[PDB]
Student: 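Sharing a structure, written as structure tokens. Questions coming.
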Amino acid sequence: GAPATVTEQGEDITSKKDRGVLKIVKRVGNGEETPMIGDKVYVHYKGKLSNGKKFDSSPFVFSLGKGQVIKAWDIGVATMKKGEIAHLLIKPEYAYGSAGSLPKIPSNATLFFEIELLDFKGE
Ligand SMILES: COc1cc2cc(OC)c1OCCOCCOC(=O)[C@@H]1CCCCN1C(=O)[C@H]2C1CCCCC1
């Protein structure tokens, strides 16, 4: 499954190289430029828990690197070009950790997302 391909062949995009955020590009974007901390970002995504028990999907907007999303998003989206689509697999430490966000997210949950980056302007 899409998840498994990531956790076998997926690029480790953490600074610490702790494999906590793994990424595959599924469709390539256009331009050299990827967004900077503080940009307004516009994406479509779908998402699931590894548990298979909860699913979620978006025109989703957030300010990159401003902590409005999970650390994995701030890391993962910043590596994306306009019009790109990618798969992120994420360990709990770059998501909702040991505490989780009950009841939606349990303790120590792993997450998978599919993300298309549409546009980012400056703030
Ligand atoms: C529908 O809105 C949610 C989507 C997700 C998690 C949420 O809260 C835990 C949600 O409810 C509260 C609002 O979002 C808070 C931030 O959520 C996030 O940072 C990440 C990254 C951006 C997409 C939304 N995110 C989510 O974690 C989803 C999860 C994805 C896994 C299945 C359950 C829902």
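As a basis for the values below, the full set of heavy atoms in this structure was taken, side chains included, without hydrogen atoms, waters or symmetry mates. Numbers for residues simply follow the sequence, beginning at 1.
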Student: Where is the tightest heavy-atom contact between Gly47 and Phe113, given as atom of each residue plus distance?
Tutor: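 Answer, listing the atom of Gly47 first, then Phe113: CA-CD2, 3.6 Å.
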
Student: So do the side chains of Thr7 and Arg19 get within less than 4.5 Å of each other, counting heavy atoms only?
Tutor: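 Side chain of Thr7 against side chain of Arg19, heavy atoms only: contact under 4.5 Å found.
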
Student: Once rounded to the nearest 0.5 Å, what's the spacing between atom OH of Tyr96 and atom CD1 of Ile90?
Tutor: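 Result: 9.0 Å between the selected atoms.
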
Student: Which residue, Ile70, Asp18, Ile13, forms the side-chain contact (heavy atoms from CB on, under 4.5 Å) with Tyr94?
Tutor: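 For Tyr94, the side-chain contact (heavy atoms from CB on, under 4.5 Å) test succeeds with only one of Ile70, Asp18, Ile13, which is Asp18.
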
Student: Once you round to the nearest 0.5 Å, how far does NE2 of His87 lie from CD of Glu11?
Tutor: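 The NE2 atom of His87 sits 15.0 Å away from the CD atom of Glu11.
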
Student: Which atoms form the tightest heavy-atom contact between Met80 and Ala86, and what is the distance?
Tutor: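 So the minimum-distance heavy-atom pair works out to CE-N, 4.2 Å.
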
Student: Mind listing the closest non-hydrogen atom pair of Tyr45 and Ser57 along with its distance?
Tutor: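 Nearest heavy atoms, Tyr45 then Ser57: O-OG, 3.2 Å.
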
Student: If you define the side chain from C-beta out and look only at heavy atoms, does anything of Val77 sit under 4.5 Å from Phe62?
Tutor: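 Answer yes - side chains close enough.
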
Student: With a 3.5 Å distance limit and no angle check, can you tell me whether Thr110 reaches the backbone of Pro92 through a side-chain donor-acceptor pair?
Tutor: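 Checked: no pair found.
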
Student: Going from NZ on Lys23 to CD1 on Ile75, what distance comes out if it is rounded to the nearest 0.5 angstrom?
Tutor: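 Answer rounded to 0.5 Å: 12.0 Å.
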
Student: I need the minimum non-hydrogen distance between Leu49 and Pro106, along with the two atoms involved.
Tutor: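 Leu49 and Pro106 have their closest heavy atoms at CD1-CD, 3.9 Å.
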
Student: Please name the pair of heavy atoms, one in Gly38 and one in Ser63, separated by the smallest distance, quoted to 0.1 Å.
Tutor: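 In terms of heavy atoms, the two residues are closest at O-OG, 4.1 Å.
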
Student: For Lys17, check side-chain contact (heavy atoms from CB on, under 4.5 Å) against everything at least two apart and list the hits.
Tutor: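 Testing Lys17 for side-chain contact (heavy atoms from CB on, under 4.5 Å), a comparison that skips the adjacent residues, returns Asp12.
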
Student: Measure across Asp74 and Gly65 and return the closest heavy-atom pair with its distance rounded to 0.1 Å.
Tutor: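 Closest pair (atom of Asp74, atom of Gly65, distance): OD1-N, 2.7 Å.
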
Student: For the residue pair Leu117 and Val41, establish whether any side-chain heavy-atom pair is separated by less than 4.5 Å.
Tutor: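 Answer yes - side chains close enough.
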
Student: Would you confirm whether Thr34, through its side chain, and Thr79, through its main-chain N or O, come within 3.5 Å as a donor-acceptor pair?
Tutor: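 Side chain of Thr34 to backbone of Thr79: no pair is present.
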
